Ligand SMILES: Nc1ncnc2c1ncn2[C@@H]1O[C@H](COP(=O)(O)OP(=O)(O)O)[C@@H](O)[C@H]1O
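Take a look at this one chain, the form solved without the ligand, written out in structure tokens.
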């Protein structure tokens, strides 16, 4: 009990020294809060991440099946990065971006940098060049799987295809990783399930986020969107394995308002009087949709609830 606590503290400090802060953690530890972070769009996810959003100057992975919300989550990071006066870049190998959708989430698409690269390496080379500017806050790569190597695209079969894309990622990441730390830019790599250089990205990433749809939500017989679930399977900035749920509405994106209520009830700041959402003596709405909508029209209290949740947990 007494002599052990000493050897353990020391052991942990040596580790923390030799390999960097967050190399070891107790899953009950509180997070050390950084100066700035990139909010994700959902307070529930931001809480689950510990530091109130995505880390800066780090590699991030967001993965899941097609149309899980990964991209939606990624674009929300992009919007918030811009909202705070940052500059954003989107390296696109899928050609699937919907800017009108992006726009409604909050993205300043007019001022969003976009490259549609010829090759996997060009994709990463370009990313690198922007990262080394120091003028970017966030860069998103859509996606890991589409980063096909020149040789494969040029028709050569000499390597066979065995490991050339994975080797490409590995190299690029090493080179890229130091660049991000100096610049303070965040690299989001989007990745699918069933990818190619994920073996490399898995270890360089400071945060890996497993995203998927849970249930379809609706008014009656018409699909408004999806309850989305994210597990932070890897986190080097705060205790990992935390998960959060939030709502994505088609054509609207993540319901900030929905996450505010869900976390409100969870934290006891919001009370239920049987389907009746209370806040500090005043009523928000009957059922979740009226609570959600009340907070839209009344963005005053929605900011107070958000502030109130953060303060109560030590976030932001």
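Residue numbers count along the first chain shown, from 1. Basically, rigid core = biggest C-alpha set you can superpose within 1.5 Å across the two forms. Residues that one form lacks are left out of the comparison.
Below, we refer to the form deposited with the ligand bound, which is not included among the displayed structures.
Note that among 64-72, 39-47, 287-295, 262-270, the stretch whose heavy atoms approach the ligand to within 4.5 Å in the deposited complex is 64-72. Under a 4.5 angstroms non-hydrogen atom cutoff, the ligand in the deposited complex has residue 101 among its neighbouring residues. Heavy atoms of residue 213 reach within 4.5 Å of the ligand in the deposited complex, making it an interface residue. The closest heavy atom approach of residue 226 to the ligand in the deposited complex falls within 4.5 Å. Although the partner is absent here, residue 170 is not a contact residue: none of its heavy atoms lies within 4.5 angstroms of the ligand in the deposited complex. Of the residues 192, 115, 109, 122, just one reaches the ligand in the deposited complex with a heavy atom at 4.5 Å or closer; this is 192.
Along 251-289, a single residue, 251, places a heavy atom within 4.5 Å of the ligand in the deposited complex. Considering 98, 118, 94, 219, one residue stands apart with a C-alpha shift of at least 2 Å between the shown form and the other one following superposition on the core, and it is 219. In sequence order, 219-221 is the sole run of at least 3 consecutive residues whose Cα positions differ by 2 Å or more between the shown form and the other one once the rigid core is superposed.
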